[PDB]
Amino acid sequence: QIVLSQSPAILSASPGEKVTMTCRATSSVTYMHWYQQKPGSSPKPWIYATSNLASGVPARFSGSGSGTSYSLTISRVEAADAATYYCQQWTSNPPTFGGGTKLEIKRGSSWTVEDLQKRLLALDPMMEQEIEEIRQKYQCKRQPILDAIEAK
């Protein structure tokens, strides 16, 4: 019913460069919520009640908005931040999510070793997700033959 619109759909930034992303809605929205999700894992509550940071969210993040103008602002982008951010509302049924902004690093393909290590780890959950979907492809592929055998 209320449709959340996220722009930009994809955002490419440089480490240390302030950015801002927006979510706009058909109708007036009492509160805007934000969720971060790195590929392969569950989403994390990032910003709630339009401008409140969840436990463990870096101070470099910020939320702002009123009416149907809602925006997230990263003060100083860092490599760990690269993820898809979704906006969500519950002003009325049904609750709805935005398209999400995928945050990417300009230079993704010589920082501090901590940063390089962080990006190095982010890779593992994607690969597991991909591998698993290959297992269910063959779990699906396998099932017809089993049933035919299981007949008698």
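All residue numbers are counted from 1 along the displayed sequence.
Judged by mean Cα B factor in the deposited record, 65 to 73 ranks above the other of 65 to 73 and 44 to 52. Stretches 110 to 118 and 30 to 38 differ in mean CA B factor, with 110 to 118 having the higher one. When the modelled residues of the chain are ordered by C-alpha B-factor, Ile131 sits in the lowest third.
Among the modelled residues of its chain, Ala59 has a C-alpha B-factor that falls in the middle third, as given in the PDB entry. Annotation for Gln139: CA B-factor lies in the lowest third of the chain's modelled residues. Residue-level temperature factors show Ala83 in the lowest third of its chain, judged at the C-alpha atom.
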